[PDB]
């Protein structure tokens with residue numbers, strides 16, 4: 001069993017910068033982007049306005065050193081890319097481009113064309 005169908009509050013917003021996102025959301029993203037080489041896919045999908053590849057293999061090895069020791073490459077990438085000047089909507093956009101509809105939806109469940117969403121279950125226990 002189980003039921004609920006409450007909702008907490010609205011997400012972040014597509015024009016908020018990546019680094020502005022809270023560490024909890026950075027963890028939630030790392031949950032989904034750390035596997036599947038999701039962060040590599042995001043990194044290499046990030047072009048400059050002109051089209052220059054922001055992050056080539058030279059810097060991918062840098063992020064790999066993180067995953068190879070236990071730092072998330074997701075968090076570092078997302079955090080660093082914040083200083084490049086990109087946003088949640090920038091992220092969603094690219095996340096769709098790499099087939100990463102789960103984290104796209106988590107951020108912005110409307111901005112991803114696949115009709116799929118879910119409520120997370122509920123339990124305000126105390127103690």
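In the entry's author numbering, the protein residues as written are 1 to 127.
From the three backbone atoms N, C-alpha and C, an ideal C-beta is built for every residue, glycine too.
Would you check if the distance between the CB atom of residue 39 and the CB atom of residue 73 is smaller than 8 angstroms?
-> Counting from one through the chain shown, the residue named residue 39 turns up at place 39. Counting from one through the chain shown, the residue named residue 73 turns up at place 73. It is a contact, given that the beta carbons lie within the stated cut-off.
Backbone CA spacing between residue 7 and residue 96 [nearest angstrom] | Stepping through the chain shown from its first residue, residue 7 is reached at position 7. Stepping through the chain shown from its first residue, residue 96 is reached at position 96. Going from the Cα of residue 7 to the Cα of residue 96 covers about 25 angstroms.
Pull up the distance between the alpha-carbon of residue 76 and that of residue 63, whole angstroms please.
-> The sequence position of residue 76 within the chain shown is 76, counting from 1. The sequence position of residue 63 within the chain shown is 63, counting from 1. Rounded to the nearest angstrom, the two C-alpha atoms are 7 angstroms apart.
Are three or more beta carbon pairs between the region 13 to 30 and the region 101 to 114 nearer than 8 angstroms?
-> yes
What whole-angstrom Cβ distance do residue 1 and residue 122 have, given they're in contact under 8 angstroms?
-> Position 1 of the chain shown holds residue 1. Position 122 of the chain shown holds residue 122. Wrong, their Cβ atoms sit about 13 angstroms apart, outside the cutoff.
Confirm the yes/no value for this check: CB of residue 37, any heavy atom of the ligand ATP, distance under 7 angstroms.
-> Although the ligand ATP was asked about, the structure shown includes no ligands whatsoever.
Which value, in whole angstroms, describes the spacing of the CA atoms of residue 85 and residue 92?
-> As a position in the chain shown, residue 85 is number 85, starting the count at 1. As a position in the chain shown, residue 92 is number 92, starting the count at 1. Cα to Cα, residue 85 sits roughly 15 angstroms from residue 92.
If you draw a straight line from the C-alpha of residue 18 to the C-alpha of residue 45, how long is it?
-> For the purposes of this step, residue 18 is taken as residue 18 along the chain shown, with counting starting at 1. For the purposes of this step, residue 45 is taken as residue 45 along the chain shown, with counting starting at 1. One C-alpha to the other measures close to 15 angstroms.
In the DSSP assignment, what are the bridge partners of residue 47?
-> Counting from 1 along the chain shown, the entry for residue 47 is found at position 47. Paired residue(s): 53.
Cβ distance (whole Å) where residue 14 is taken to contact residue 83 below 8 angstroms = Locating residue 14 in the chain shown gives position 14, counting from the first residue. Locating residue 83 in the chain shown gives position 83, counting from the first residue. Wrong, their Cβ atoms sit about 19 angstroms apart, outside the cutoff.
C-beta atoms of residue 21 and residue 94 nearer than 8 angstroms = Within the chain shown, residue 21 is the residue found at index 21, counting from 1. Within the chain shown, residue 94 is the residue found at index 94, counting from 1. No.
Using a Cβ-Cβ cut-off of 7 angstroms (strictly less than) and excluding sequence neighbours within five positions of residue 128, which residues of its own chain qualify?
-> It is not possible to answer for residue 128, since the shown part of the chain is limited to 1 through 127.
Identify the residues that DSSP records as bridge partners of residue 87: which are they?
-> As a first step, residue 87 must be located in the chain shown, where it is residue number 87. According to DSSP, residue 87 bridges with 17.
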